[PDB]
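Okay, so here's the structure we're looking at.
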Amino acid sequence: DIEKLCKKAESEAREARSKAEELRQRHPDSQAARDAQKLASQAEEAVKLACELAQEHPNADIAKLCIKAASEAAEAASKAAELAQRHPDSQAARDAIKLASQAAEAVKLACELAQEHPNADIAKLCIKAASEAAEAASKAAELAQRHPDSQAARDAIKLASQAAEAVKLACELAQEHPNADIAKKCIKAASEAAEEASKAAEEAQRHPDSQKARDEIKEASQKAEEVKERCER
């Protein structure tokens, strides 16, 4: 069962890598192409780490959670790369690539934390937060593909990036203090930020001019900035 999950994750990572390779082949010295290469590398790394964790902890919840997270990260990578293919010389595409990179990094960090502390609830919290960050990245990329030059897409990408950064920081804090209440508070807050990012992106996908989507983006952004402001130590 776990094997097939790892295979699926691997396949998605391969999709991301294929798109990155297409970009690199078409325009080698392009910033977006190189960024996409690095992104594909990070997706592959996340998947590799997840599968390794699966080897270290057979049929453990932590393992399948990590594999699913890595799959989400690879999916986000693929979507960002595709956005880059559909819009060359586009700053939004580069920002989406960077976003997918941040999500990948968050998943990698959550997997490392899980490898260090497999039986800590903070590990599951961090994996969940990382997964939600990846999902938010995917939805922001979807929105950007659906409405390329829209304010909604840009704001969604920015918000998803902020949420990814917040999850990253909370996971670092958790790595420093795995038993600390503050680490749990931070990772839950970052999780909420990512969730709201996803919700807002979903709102804006259907209704790009949704004022509710904009308000949710505001709120989620303020939450992410608060997390990044409070969870440095």
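Using the numbering used here, the letters of the sequence shown map in sequence onto residues 28 to 260. We treat Cβ as the ideally placed atom computed from N, Cα and C, and that holds for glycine.
By DSSP, does residue i sit in helix, in strand, or in coil?
| i | result |
| --- | --- |
| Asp-62 | helix |
| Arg-260 | coil |
| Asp-56 | coil |
| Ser-218 | helix |
| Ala-87 | coil |
| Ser-188 | helix |
| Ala-197 | helix |
| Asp-28 | coil |
| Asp-242 | helix |
| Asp-236 | coil |
| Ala-207 | coil |
| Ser-165 | helix |
| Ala-147 | coil |
| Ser-45 | helix |
| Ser-68 | helix |
| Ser-105 | helix |
| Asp-116 | coil |
| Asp-122 | helix |
| residue 295 | Missing from the structure shown is residue 295; the chain here goes from 28 to 260 and no further. |
To the nearest whole angstrom, what separates the beta carbons of residue i and residue j, a pair I think is in contact under 8 Å?
| i | j | result |
| --- | --- | --- |
| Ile-124 | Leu-66 | 5 Å |
| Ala-96 | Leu-80 | In fact, because the Cβ distance is near 10 Å, the residues do not count as touching under 8 Å. |
| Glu-230 | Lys-239 | 6 Å |
Who are the near neighbours of residue i in its chain, counting only those whose CB is closer than 6 Å to its CB and skipping five residues on each side?
| i | result |
| --- | --- |
| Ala-180 | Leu-170, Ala-171, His-174 |
| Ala-107 | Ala-123, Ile-124, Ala-127, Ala-168 |
| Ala-147 | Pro-205 |
| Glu-143 | none |
| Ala-156 | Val-194, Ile-214, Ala-217, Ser-218 |
| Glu-99 | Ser-158, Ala-161, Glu-162 |
| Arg-51 | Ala-60, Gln-64 |
| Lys-250 | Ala-220 |
Does the beta-carbon distance from residue i to residue j come in below 7 Å?
| i | j | result |
| --- | --- | --- |
| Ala-70 | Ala-101 | yes |
| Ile-244 | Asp-176 | no |
| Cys-198 | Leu-136 | yes |
| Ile-154 | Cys-213 | no |
| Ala-141 | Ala-133 | no |
| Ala-131 | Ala-59 | no |
| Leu-186 | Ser-117 | no |
Which same chain residues, not among the five before or five after residue i, have their C-beta less than 7 Å away from its C-beta?
| i | result |
| --- | --- |
| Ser-105 | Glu-39, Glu-42, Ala-43, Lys-46 |
| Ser-225 | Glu-159, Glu-162, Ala-163, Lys-166 |
| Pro-235 | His-174, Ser-177, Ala-179 |
| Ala-103 | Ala-127, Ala-130, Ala-161, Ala-164, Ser-165, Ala-168 |
| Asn-86 | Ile-29 |
| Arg-121 | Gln-58, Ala-59, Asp-62 |
| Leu-32 | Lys-91, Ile-94 |
For residue i, collect the residues of the same chain with a Cβ closer than 8 Å to its Cβ; drop the 5 residues on either side in sequence, then sort them by chain order.
| i | result |
| --- | --- |
| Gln-129 | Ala-160, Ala-164, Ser-188, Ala-191, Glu-192, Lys-195 |
| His-54 | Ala-60, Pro-115 |
| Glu-246 | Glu-223 |
| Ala-119 | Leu-110, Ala-171, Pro-175, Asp-176, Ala-180, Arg-181, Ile-184 |
| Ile-209 | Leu-200, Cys-258 |
Cβ of residue i within 6 Å of any heavy atom in the ligand GDP?
| i | result |
| --- | --- |
| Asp-122 | Although the ligand GDP was asked about, the structure shown includes no ligands whatsoever. |
Is it a yes or a no for the region 51 to 66 touching the region 74 to 83, going by three-plus beta-carbon pairs under 8 Å? no
ask   = Looking at C-beta atoms only, is the number of pairs between the region 182 to 193 and the region 209 to 225 that lie closer than 8 Å three or more?
value = yes
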